[PDB]
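So this one's work-v2.tsv, TSV, N, CA and C atoms and all ligand atoms:
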chain	number	residue	atom	x	y	z
K	1	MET	N	-15.48	21.16	-4.20
K	1	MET	CA	-14.09	21.67	-4.22
K	1	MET	C	-14.04	22.99	-4.97
K	2	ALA	N	-14.46	24.05	-4.29
K	2	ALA	CA	-14.30	25.41	-4.81
K	2	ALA	C	-13.22	26.15	-4.02
K	3	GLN	N	-12.62	27.13	-4.68
K	3	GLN	CA	-11.54	27.91	-4.08
K	3	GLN	C	-10.33	27.02	-3.81
K	4	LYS	N	-9.15	27.61	-3.93
K	4	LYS	CA	-7.91	26.85	-3.92
K	4	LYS	C	-6.95	27.43	-2.87
K	5	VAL	N	-6.12	26.54	-2.32
K	5	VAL	CA	-5.07	26.95	-1.40
K	5	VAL	C	-5.66	27.65	-0.18
K	6	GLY	N	-6.79	27.12	0.30
K	6	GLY	CA	-7.36	27.54	1.57
K	6	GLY	C	-8.75	28.12	1.37
K	7	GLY	N	-9.63	27.84	2.32
K	7	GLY	CA	-10.93	28.48	2.38
K	7	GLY	C	-12.02	27.55	1.87
K	8	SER	N	-12.69	26.88	2.80
K	8	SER	CA	-13.59	25.78	2.48
K	8	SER	C	-12.80	24.61	1.90
K	9	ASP	N	-12.83	23.50	2.63
K	9	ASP	CA	-11.94	22.37	2.36
K	9	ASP	C	-12.55	21.08	2.89
K	10	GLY	N	-12.82	20.15	1.98
K	10	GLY	CA	-13.69	19.02	2.27
K	10	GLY	C	-12.89	17.73	2.37
K	11	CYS	N	-13.55	16.67	2.81
K	11	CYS	CA	-12.87	15.45	3.23
K	11	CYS	C	-13.39	14.26	2.40
K	12	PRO	N	-12.56	13.85	1.41
K	12	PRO	CA	-12.80	12.60	0.64
K	12	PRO	C	-12.84	11.35	1.50
K	13	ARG	N	-12.36	11.48	2.73
K	13	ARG	CA	-12.09	10.34	3.59
K	13	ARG	C	-13.37	9.86	4.27
K	14	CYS	N	-13.90	10.72	5.14
K	14	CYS	CA	-15.08	10.40	5.93
K	14	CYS	C	-16.35	10.75	5.16
K	15	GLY	N	-16.17	11.54	4.10
K	15	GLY	CA	-17.27	11.91	3.23
K	15	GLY	C	-18.00	13.13	3.79
K	16	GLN	N	-17.33	13.84	4.70
K	16	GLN	CA	-17.77	15.16	5.13
K	16	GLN	C	-16.93	16.24	4.45
K	17	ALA	N	-17.47	17.46	4.45
K	17	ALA	CA	-16.71	18.63	4.05
K	17	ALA	C	-16.63	19.63	5.19
K	18	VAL	N	-15.53	20.37	5.24
K	18	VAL	CA	-15.17	21.15	6.41
K	18	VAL	C	-15.32	22.64	6.12
K	19	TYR	N	-15.75	23.37	7.15
K	19	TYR	CA	-15.88	24.82	7.06
K	19	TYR	C	-14.97	25.49	8.08
K	20	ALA	N	-15.00	24.97	9.30
K	20	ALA	CA	-14.06	25.37	10.34
K	20	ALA	C	-12.63	25.06	9.90
K	21	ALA	N	-12.53	24.29	8.82
K	21	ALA	CA	-11.23	23.94	8.25
K	21	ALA	C	-10.40	23.15	9.26
K	22	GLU	N	-10.52	21.83	9.18
K	22	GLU	CA	-9.56	20.94	9.84
K	22	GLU	C	-8.65	20.30	8.78
K	23	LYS	N	-8.46	21.02	7.68
K	23	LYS	CA	-7.95	20.43	6.45
K	23	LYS	C	-6.44	20.20	6.56
K	24	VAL	N	-6.02	18.99	6.23
K	24	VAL	CA	-4.62	18.72	5.89
K	24	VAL	C	-4.48	18.49	4.39
K	25	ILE	N	-3.30	18.01	4.01
K	25	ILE	CA	-3.01	17.74	2.61
K	25	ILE	C	-1.93	16.66	2.49
K	26	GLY	N	-1.94	15.98	1.34
K	26	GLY	CA	-0.84	15.10	0.96
K	26	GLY	C	-0.88	14.82	-0.54
K	27	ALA	N	0.26	15.03	-1.19
K	27	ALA	CA	0.33	14.96	-2.64
K	27	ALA	C	-0.58	16.01	-3.27
K	28	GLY	N	-1.86	15.66	-3.37
K	28	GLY	CA	-2.89	16.61	-3.74
K	28	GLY	C	-4.23	16.20	-3.15
K	29	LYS	N	-4.17	15.38	-2.10
K	29	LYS	CA	-5.34	15.05	-1.31
K	29	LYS	C	-5.57	16.11	-0.23
K	30	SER	N	-6.73	16.04	0.40
K	30	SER	CA	-7.01	16.81	1.61
K	30	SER	C	-7.83	15.98	2.59
K	31	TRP	N	-7.53	16.14	3.87
K	31	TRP	CA	-8.07	15.28	4.91
K	31	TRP	C	-8.53	16.12	6.10
K	32	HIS	N	-9.11	15.43	7.08
K	32	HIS	CA	-9.33	16.00	8.40
K	32	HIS	C	-8.08	15.85	9.26
K	33	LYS	N	-8.05	16.61	10.35
K	33	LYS	CA	-6.99	16.50	11.34
K	33	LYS	C	-6.95	15.10	11.94
K	34	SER	N	-8.10	14.43	11.90
K	34	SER	CA	-8.30	13.19	12.63
K	34	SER	C	-8.86	12.11	11.70
K	35	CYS	N	-8.48	12.21	10.43
K	35	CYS	CA	-8.84	11.21	9.43
K	35	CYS	C	-7.59	10.57	8.84
K	36	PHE	N	-6.44	11.16	9.15
K	36	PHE	CA	-5.19	10.75	8.51
K	36	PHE	C	-4.88	9.29	8.84
K	37	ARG	N	-5.05	8.44	7.83
K	37	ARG	CA	-5.07	7.00	8.03
K	37	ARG	C	-3.90	6.34	7.31
K	38	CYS	N	-2.86	6.02	8.07
K	38	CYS	CA	-1.79	5.15	7.58
K	38	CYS	C	-2.37	3.76	7.27
K	39	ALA	N	-2.27	3.41	5.99
K	39	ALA	CA	-2.55	2.05	5.54
K	39	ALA	C	-1.25	1.27	5.39
K	40	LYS	N	-0.36	1.46	6.37
K	40	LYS	CA	0.96	0.84	6.32
K	40	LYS	C	1.28	0.16	7.65
K	41	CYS	N	1.06	0.89	8.74
K	41	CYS	CA	0.94	0.27	10.06
K	41	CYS	C	-0.53	0.07	10.41
K	42	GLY	N	-1.39	0.69	9.61
K	42	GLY	CA	-2.82	0.42	9.63
K	42	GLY	C	-3.51	1.28	10.67
K	43	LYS	N	-2.83	2.34	11.09
K	43	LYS	CA	-3.19	3.07	12.29
K	43	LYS	C	-3.79	4.43	11.93
K	44	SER	N	-4.74	4.88	12.75
K	44	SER	CA	-5.08	6.30	12.82
K	44	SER	C	-3.92	7.08	13.44
K	45	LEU	N	-3.61	8.23	12.84
K	45	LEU	CA	-2.31	8.86	12.98
K	45	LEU	C	-2.37	10.01	13.99
K	46	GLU	N	-1.34	10.85	13.92
K	46	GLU	CA	-1.36	12.15	14.58
K	46	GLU	C	-1.25	13.27	13.53
K	47	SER	N	-1.22	14.50	14.02
K	47	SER	CA	-1.42	15.67	13.18
K	47	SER	C	-0.23	15.86	12.24
K	48	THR	N	0.95	15.98	12.85
K	48	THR	CA	2.14	16.41	12.13
K	48	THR	C	3.21	15.32	12.17
K	49	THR	N	2.76	14.09	11.94
K	49	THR	CA	3.65	12.94	11.87
K	49	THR	C	3.21	11.98	10.77
K	50	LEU	N	3.35	12.44	9.53
K	50	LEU	CA	2.68	11.81	8.40
K	50	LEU	C	3.52	11.97	7.14
K	51	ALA	N	3.11	11.26	6.09
K	51	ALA	CA	3.87	11.23	4.84
K	51	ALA	C	2.96	10.83	3.68
K	52	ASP	N	2.79	11.78	2.76
K	52	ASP	CA	1.91	11.57	1.61
K	52	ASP	C	2.69	11.01	0.43
K	53	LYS	N	1.96	10.44	-0.52
K	53	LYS	CA	2.53	10.07	-1.81
K	53	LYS	C	1.42	9.69	-2.79
K	54	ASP	N	1.54	10.20	-4.01
K	54	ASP	CA	0.62	9.87	-5.08
K	54	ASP	C	-0.81	10.28	-4.71
K	55	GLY	N	-1.56	9.33	-4.18
K	55	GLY	CA	-2.85	9.61	-3.57
K	55	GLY	C	-3.10	8.66	-2.40
K	56	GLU	N	-2.02	8.03	-1.93
K	56	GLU	CA	-2.05	7.30	-0.67
K	56	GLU	C	-0.89	7.76	0.22
K	57	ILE	N	-0.78	7.14	1.39
K	57	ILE	CA	-0.05	7.73	2.51
K	57	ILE	C	0.40	6.65	3.48
K	58	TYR	N	1.64	6.76	3.94
K	58	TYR	CA	2.04	6.17	5.22
K	58	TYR	C	2.69	7.24	6.10
K	59	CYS	N	3.07	6.86	7.33
K	59	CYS	CA	3.07	7.82	8.44
K	59	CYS	C	4.48	8.15	8.88
K	60	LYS	N	4.65	9.40	9.36
K	60	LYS	CA	5.89	9.76	10.05
K	60	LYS	C	5.90	9.13	11.45
K	61	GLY	N	4.77	8.53	11.80
K	61	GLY	CA	4.68	7.53	12.85
K	61	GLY	C	5.41	6.25	12.47
K	62	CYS	N	5.94	6.22	11.25
K	62	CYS	CA	6.42	4.97	10.67
K	62	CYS	C	7.91	5.14	10.29
K	63	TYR	N	8.16	6.25	9.60
K	63	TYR	CA	9.51	6.79	9.46
K	63	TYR	C	10.09	7.13	10.84
K	64	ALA	N	9.20	7.13	11.83
K	64	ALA	CA	9.61	7.14	13.23
K	64	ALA	C	9.82	5.72	13.73
K	65	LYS	N	8.72	4.98	13.85
K	65	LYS	CA	8.72	3.73	14.59
K	65	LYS	C	9.69	2.73	13.97
K	66	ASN	N	9.83	2.82	12.65
K	66	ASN	CA	10.86	2.09	11.93
K	66	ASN	C	11.82	3.05	11.25
K	67	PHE	N	12.50	3.85	12.07
K	67	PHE	CA	13.41	4.87	11.56
K	67	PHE	C	14.54	4.23	10.76
K	68	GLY	N	14.78	2.95	11.04
K	68	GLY	CA	15.91	2.23	10.48
K	68	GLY	C	15.58	0.72	10.40
K	69	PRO	N	14.96	0.33	9.27
K	69	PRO	CA	14.73	-1.10	8.93
K	69	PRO	C	16.01	-1.94	8.96
K	70	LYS	N	15.85	-3.20	9.35
K	70	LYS	CA	16.91	-4.18	9.24
K	70	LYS	C	16.45	-5.53	9.78
K	71	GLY	N	16.39	-5.64	11.10
K	71	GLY	CA	15.78	-6.78	11.76
K	71	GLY	C	15.88	-6.64	13.27
K	72	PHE	N	14.94	-7.26	13.97
K	72	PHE	CA	15.01	-7.40	15.42
K	72	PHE	C	13.96	-8.40	15.91
K	73	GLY	N	14.44	-9.41	16.63
K	73	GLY	CA	13.56	-10.33	17.34
K	73	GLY	C	14.35	-11.53	17.85
K	74	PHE	N	15.51	-11.25	18.42
K	74	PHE	CA	16.28	-12.25	19.14
K	74	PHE	C	16.85	-13.28	18.17
K	75	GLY	N	15.99	-14.20	17.75
K	75	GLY	CA	16.38	-15.25	16.82
K	75	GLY	C	16.50	-14.69	15.41
K	76	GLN	N	17.26	-15.40	14.58
K	76	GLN	CA	17.52	-14.97	13.22
K	76	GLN	C	16.40	-15.45	12.29
K	77	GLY	N	16.28	-16.77	12.18
K	77	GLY	CA	15.41	-17.38	11.19
K	77	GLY	C	16.15	-18.47	10.42
K	78	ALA	N	17.42	-18.19	10.13
K	78	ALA	CA	18.33	-19.20	9.60
K	78	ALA	C	19.29	-19.67	10.69
K	79	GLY	N	18.91	-20.77	11.34
K	79	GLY	CA	19.60	-21.22	12.54
K	79	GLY	C	20.31	-22.55	12.27
K	80	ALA	N	19.53	-23.63	12.30
K	80	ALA	CA	20.08	-24.98	12.29
K	80	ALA	C	18.98	-25.99	11.99
K	81	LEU	N	18.05	-25.58	11.13
K	81	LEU	CA	17.06	-26.50	10.57
K	81	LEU	C	17.69	-27.35	9.47
K	82	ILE	N	18.48	-26.69	8.62
K	82	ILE	CA	19.29	-27.39	7.64
K	82	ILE	C	18.44	-28.23	6.70
K	83	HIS	N	17.55	-27.56	5.98
K	83	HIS	CA	16.80	-28.18	4.90
K	83	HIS	C	15.80	-29.18	5.45
K	84	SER	N	16.29	-30.37	5.77
K	84	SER	CA	15.44	-31.51	6.07
K	84	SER	C	14.94	-31.43	7.51
K	85	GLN	N	15.74	-30.79	8.36
K	85	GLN	CA	15.51	-30.81	9.80
K	85	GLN	C	15.81	-32.20	10.36
R	101	ZN	ZN	-12.59	13.36	7.49
R	102	ZN	ZN	2.31	4.07	9.78
Reformat the file's structure so that it appears as structure tokens.
Ligand SMILES: [Zn+2]
Ligand SMILES: [Zn+2]
Amino acid sequence: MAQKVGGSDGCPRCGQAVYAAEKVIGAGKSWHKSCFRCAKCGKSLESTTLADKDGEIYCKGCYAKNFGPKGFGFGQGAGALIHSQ
């Protein structure tokens, strides 16, 4: 990790370092274009659909796919079991 804010930029993720610069960033990490790994939906991501924090990350694939948490799946869960069933 020499030089700052561009110019030679390596990848803590795959354990390679980049010269052609495929470097992204989050918080103060740096990644490849194709290493960005949401550990929230558990998915390999896309380029510009991401969200960093601290030194981990979840995805704008996620602030997308779950743009609005609440619930969905037909049934509720609290129906008519009534304790004992
Ligand atoms: Zn990488
Ligand atoms: Zn995600």
Q | Atom pair atom N of residue 3 of chain K / atom N of residue 55 of chain K: separation (Å) | A |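 Those two atoms sit 21.0 Å apart.
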(Q) ligand ZN 102 (chain R): which residues are within 7 Å, counting only C-alpha atoms and all ligand atoms? Reply as a PyMOL selection string. (A) chain K and resi 38-43+58-62
List as a PDB file with N, CA and C atoms, in the coordinates of the input the protein and nucleic acid residues lying within 6.5 Å of ligand ZN 101 (chain R), with all atoms listed in the file counted.
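That gives us selection-v4.pdb:
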ATOM      1  N   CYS K  11     -13.550  16.670   2.810  1.00  0.00           N
ATOM      2  CA  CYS K  11     -12.870  15.450   3.230  1.00  0.00           C
ATOM      3  C   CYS K  11     -13.390  14.260   2.400  1.00  0.00           C
ATOM      4  N   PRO K  12     -12.560  13.850   1.410  1.00  0.00           N
ATOM      5  CA  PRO K  12     -12.800  12.600   0.640  1.00  0.00           C
ATOM      6  C   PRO K  12     -12.840  11.350   1.500  1.00  0.00           C
ATOM      7  N   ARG K  13     -12.360  11.480   2.730  1.00  0.00           N
ATOM      8  CA  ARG K  13     -12.090  10.340   3.590  1.00  0.00           C
ATOM      9  C   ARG K  13     -13.370   9.860   4.270  1.00  0.00           C
ATOM     10  N   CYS K  14     -13.900  10.720   5.140  1.00  0.00           N
ATOM     11  CA  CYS K  14     -15.080  10.400   5.930  1.00  0.00           C
ATOM     12  C   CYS K  14     -16.350  10.750   5.160  1.00  0.00           C
ATOM     13  N   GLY K  15     -16.170  11.540   4.100  1.00  0.00           N
ATOM     14  CA  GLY K  15     -17.270  11.910   3.230  1.00  0.00           C
ATOM     15  C   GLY K  15     -18.000  13.130   3.790  1.00  0.00           C
ATOM     16  N   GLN K  16     -17.330  13.840   4.700  1.00  0.00           N
ATOM     17  CA  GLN K  16     -17.770  15.160   5.130  1.00  0.00           C
ATOM     18  C   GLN K  16     -16.930  16.240   4.450  1.00  0.00           C
ATOM     19  N   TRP K  31      -7.530  16.140   3.870  1.00  0.00           N
ATOM     20  CA  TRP K  31      -8.070  15.280   4.910  1.00  0.00           C
ATOM     21  C   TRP K  31      -8.530  16.120   6.100  1.00  0.00           C
ATOM     22  N   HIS K  32      -9.110  15.430   7.080  1.00  0.00           N
ATOM     23  CA  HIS K  32      -9.330  16.000   8.400  1.00  0.00           C
ATOM     24  C   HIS K  32      -8.080  15.850   9.260  1.00  0.00           C
ATOM     25  N   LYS K  33      -8.050  16.610  10.350  1.00  0.00           N
ATOM     26  CA  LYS K  33      -6.990  16.500  11.340  1.00  0.00           C
ATOM     27  C   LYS K  33      -6.950  15.100  11.940  1.00  0.00           C
ATOM     28  N   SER K  34      -8.100  14.430  11.900  1.00  0.00           N
ATOM     29  CA  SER K  34      -8.300  13.190  12.630  1.00  0.00           C
ATOM     30  C   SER K  34      -8.860  12.110  11.700  1.00  0.00           C
ATOM     31  N   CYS K  35      -8.480  12.210  10.430  1.00  0.00           N
ATOM     32  CA  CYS K  35      -8.840  11.210   9.430  1.00  0.00           C
ATOM     33  C   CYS K  35      -7.590  10.570   8.840  1.00  0.00           C
TER      34      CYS K  35
END
**Q.** Atom-to-atom span, atom C of residue 49 of chain K and atom N of residue 18 of chain K, Å
**A.** 21.3 Å
Q: In Å, rounded to a single decimal, give me how far atom N of residue 27 of chain K is from atom C of residue 8 of chain K.
A: 16.5 Å
Q: Could you give me the residues within chain K that DSSP places in alpha helix (DSSP H), as a VMD selection string?
A: chain K and resid 62 to 65
Listed atoms of segment 69-78 of chain K, axis-aligned box, 3 Å per side: centre and edge lengths to one decimal in Å, as JSON?
{"center_x": 16.4, "center_y": -9.7, "center_z": 14.0, "size_x": 11.7, "size_y": 26.0, "size_z": 16.2}
Q.
So, with all atoms listed in the file as the atoms that count, which of K:74, K:57, K:81, K:68 lies closest to residue 26 of chain K?
A.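 Smallest distance to residue 26 of chain K is found for K:57.
If only N, CA and C atoms are the atoms counted, then among K:2, K:56, K:9, K:69 the closest residue to residue 28 of chain K is K:56.
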Protein/DNA/RNA residues near (-2.5, 15.3, 8.6), cut 6 Å, all atoms listed in the file, as a compact mmCIF listing (two decimals) with N, CA and C atoms, keeping the file's coordinate frame:
# COMPACT_ATOMS: atom_id res chain seq x y z
N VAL K 24 -6.02 18.99 6.23
CA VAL K 24 -4.62 18.72 5.89
C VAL K 24 -4.48 18.49 4.39
N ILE K 25 -3.30 18.01 4.01
CA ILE K 25 -3.01 17.74 2.61
C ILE K 25 -1.93 16.66 2.49
N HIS K 32 -9.11 15.43 7.08
CA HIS K 32 -9.33 16.00 8.40
C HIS K 32 -8.08 15.85 9.26
N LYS K 33 -8.05 16.61 10.35
CA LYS K 33 -6.99 16.50 11.34
C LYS K 33 -6.95 15.10 11.94
N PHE K 36 -6.44 11.16 9.15
CA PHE K 36 -5.19 10.75 8.51
C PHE K 36 -4.88 9.29 8.84
N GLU K 46 -1.34 10.85 13.92
CA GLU K 46 -1.36 12.15 14.58
C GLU K 46 -1.25 13.27 13.53
N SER K 47 -1.22 14.50 14.02
CA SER K 47 -1.42 15.67 13.18
C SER K 47 -0.23 15.86 12.24
N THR K 48 0.95 15.98 12.85
CA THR K 48 2.14 16.41 12.13
C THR K 48 3.21 15.32 12.17
Taking only segment 26-84 of chain K into account, list the residues labelled strand (DSSP E) by DSSP (computed from the backbone), as a PDB file with N, CA and C atoms, in the coordinates of the input.
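Saved result, out23.pdb, follows:
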ATOM      1  N   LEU K  50       3.350  12.440   9.530  1.00  0.00           N
ATOM      2  CA  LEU K  50       2.680  11.810   8.400  1.00  0.00           C
ATOM      3  C   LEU K  50       3.520  11.970   7.140  1.00  0.00           C
ATOM      4  N   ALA K  51       3.110  11.260   6.090  1.00  0.00           N
ATOM      5  CA  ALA K  51       3.870  11.230   4.840  1.00  0.00           C
ATOM      6  C   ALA K  51       2.960  10.830   3.680  1.00  0.00           C
ATOM      7  N   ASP K  52       2.790  11.780   2.760  1.00  0.00           N
ATOM      8  CA  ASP K  52       1.910  11.570   1.610  1.00  0.00           C
ATOM      9  C   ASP K  52       2.690  11.010   0.430  1.00  0.00           C
ATOM     10  N   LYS K  53       1.960  10.440  -0.520  1.00  0.00           N
ATOM     11  CA  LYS K  53       2.530  10.070  -1.810  1.00  0.00           C
ATOM     12  C   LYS K  53       1.420   9.690  -2.790  1.00  0.00           C
ATOM     13  N   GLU K  56      -2.020   8.030  -1.930  1.00  0.00           N
ATOM     14  CA  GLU K  56      -2.050   7.300  -0.670  1.00  0.00           C
ATOM     15  C   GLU K  56      -0.890   7.760   0.220  1.00  0.00           C
ATOM     16  N   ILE K  57      -0.780   7.140   1.390  1.00  0.00           N
ATOM     17  CA  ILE K  57      -0.050   7.730   2.510  1.00  0.00           C
ATOM     18  C   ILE K  57       0.400   6.650   3.480  1.00  0.00           C
ATOM     19  N   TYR K  58       1.640   6.760   3.940  1.00  0.00           N
ATOM     20  CA  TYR K  58       2.040   6.170   5.220  1.00  0.00           C
ATOM     21  C   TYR K  58       2.690   7.240   6.100  1.00  0.00           C
ATOM     22  N   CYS K  59       3.070   6.860   7.330  1.00  0.00           N
ATOM     23  CA  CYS K  59       3.070   7.820   8.440  1.00  0.00           C
ATOM     24  C   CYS K  59       4.480   8.150   8.880  1.00  0.00           C
TER      25      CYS K  59
END
Q) Smallest atom-to-atom distance to residue 51 of chain K: which of K:17, K:63, K:10, K:76, using all atoms listed in the file? A)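 For residue 51 of chain K, the nearest of the given residues is K:63.
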How about completing segment 27-47 of chain K with N, CA, C and O atoms and giving it to me as an mmCIF file, in the frame of the given file?
data_model
loop_
_atom_site.group_PDB
_atom_site.id
_atom_site.type_symbol
_atom_site.label_atom_id
_atom_site.label_comp_id
_atom_site.auth_asym_id
_atom_site.auth_seq_id
_atom_site.Cartn_x
_atom_site.Cartn_y
_atom_site.Cartn_z
ATOM 1 N N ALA K 27 0.260 15.030 -1.190
ATOM 2 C CA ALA K 27 0.330 14.960 -2.640
ATOM 3 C C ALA K 27 -0.580 16.010 -3.270
ATOM 4 O O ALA K 27 -0.168 17.146 -3.495
ATOM 5 N N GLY K 28 -1.860 15.660 -3.370
ATOM 6 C CA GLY K 28 -2.890 16.610 -3.740
ATOM 7 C C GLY K 28 -4.230 16.200 -3.150
ATOM 8 O O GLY K 28 -5.282 16.703 -3.549
ATOM 9 N N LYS K 29 -4.170 15.380 -2.100
ATOM 10 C CA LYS K 29 -5.340 15.050 -1.310
ATOM 11 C C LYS K 29 -5.570 16.110 -0.230
ATOM 12 O O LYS K 29 -4.658 16.866 0.110
ATOM 13 N N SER K 30 -6.730 16.040 0.400
ATOM 14 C CA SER K 30 -7.010 16.810 1.610
ATOM 15 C C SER K 30 -7.830 15.980 2.590
ATOM 16 O O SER K 30 -8.610 15.117 2.181
ATOM 17 N N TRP K 31 -7.530 16.140 3.870
ATOM 18 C CA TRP K 31 -8.070 15.280 4.910
ATOM 19 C C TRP K 31 -8.530 16.120 6.100
ATOM 20 O O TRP K 31 -8.153 17.282 6.226
ATOM 21 N N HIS K 32 -9.110 15.430 7.080
ATOM 22 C CA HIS K 32 -9.330 16.000 8.400
ATOM 23 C C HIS K 32 -8.080 15.850 9.260
ATOM 24 O O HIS K 32 -7.337 14.876 9.106
ATOM 25 N N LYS K 33 -8.050 16.610 10.350
ATOM 26 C CA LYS K 33 -6.990 16.500 11.340
ATOM 27 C C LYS K 33 -6.950 15.100 11.940
ATOM 28 O O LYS K 33 -5.957 14.697 12.536
ATOM 29 N N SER K 34 -8.100 14.430 11.900
ATOM 30 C CA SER K 34 -8.300 13.190 12.630
ATOM 31 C C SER K 34 -8.860 12.110 11.700
ATOM 32 O O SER K 34 -9.425 11.122 12.155
ATOM 33 N N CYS K 35 -8.480 12.210 10.430
ATOM 34 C CA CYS K 35 -8.840 11.210 9.430
ATOM 35 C C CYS K 35 -7.590 10.570 8.840
ATOM 36 O O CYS K 35 -7.660 9.501 8.231
ATOM 37 N N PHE K 36 -6.440 11.160 9.150
ATOM 38 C CA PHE K 36 -5.190 10.750 8.510
ATOM 39 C C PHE K 36 -4.880 9.290 8.840
ATOM 40 O O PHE K 36 -4.676 8.932 9.996
ATOM 41 N N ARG K 37 -5.050 8.440 7.830
ATOM 42 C CA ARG K 37 -5.070 7.000 8.030
ATOM 43 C C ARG K 37 -3.900 6.340 7.310
ATOM 44 O O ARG K 37 -3.942 6.119 6.100
ATOM 45 N N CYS K 38 -2.860 6.020 8.070
ATOM 46 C CA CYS K 38 -1.790 5.150 7.580
ATOM 47 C C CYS K 38 -2.370 3.760 7.270
ATOM 48 O O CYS K 38 -2.454 2.926 8.180
ATOM 49 N N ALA K 39 -2.270 3.410 5.990
ATOM 50 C CA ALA K 39 -2.550 2.050 5.540
ATOM 51 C C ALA K 39 -1.250 1.270 5.390
ATOM 52 O O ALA K 39 -1.158 0.340 4.584
ATOM 53 N N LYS K 40 -0.360 1.460 6.370
ATOM 54 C CA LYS K 40 0.960 0.840 6.320
ATOM 55 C C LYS K 40 1.280 0.160 7.650
ATOM 56 O O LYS K 40 1.646 -1.010 7.684
ATOM 57 N N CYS K 41 1.060 0.890 8.740
ATOM 58 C CA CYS K 41 0.940 0.270 10.060
ATOM 59 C C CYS K 41 -0.530 0.070 10.410
ATOM 60 O O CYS K 41 -0.871 -0.839 11.176
ATOM 61 N N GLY K 42 -1.390 0.690 9.610
ATOM 62 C CA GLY K 42 -2.820 0.420 9.630
ATOM 63 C C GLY K 42 -3.510 1.280 10.670
ATOM 64 O O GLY K 42 -4.570 0.918 11.187
ATOM 65 N N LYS K 43 -2.830 2.340 11.090
ATOM 66 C CA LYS K 43 -3.190 3.070 12.290
ATOM 67 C C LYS K 43 -3.790 4.430 11.930
ATOM 68 O O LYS K 43 -3.337 5.096 11.002
ATOM 69 N N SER K 44 -4.740 4.880 12.750
ATOM 70 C CA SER K 44 -5.080 6.300 12.820
ATOM 71 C C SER K 44 -3.920 7.080 13.440
ATOM 72 O O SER K 44 -3.172 6.531 14.251
ATOM 73 N N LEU K 45 -3.610 8.230 12.840
ATOM 74 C CA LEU K 45 -2.310 8.860 12.980
ATOM 75 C C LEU K 45 -2.370 10.010 13.990
ATOM 76 O O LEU K 45 -3.443 10.303 14.530
ATOM 77 N N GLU K 46 -1.340 10.850 13.920
ATOM 78 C CA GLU K 46 -1.360 12.150 14.580
ATOM 79 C C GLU K 46 -1.250 13.270 13.530
ATOM 80 O O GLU K 46 -1.405 13.014 12.338
ATOM 81 N N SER K 47 -1.220 14.500 14.020
ATOM 82 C CA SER K 47 -1.420 15.670 13.180
ATOM 83 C C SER K 47 -0.230 15.860 12.240
ATOM 84 O O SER K 47 -0.401 16.065 11.043
#
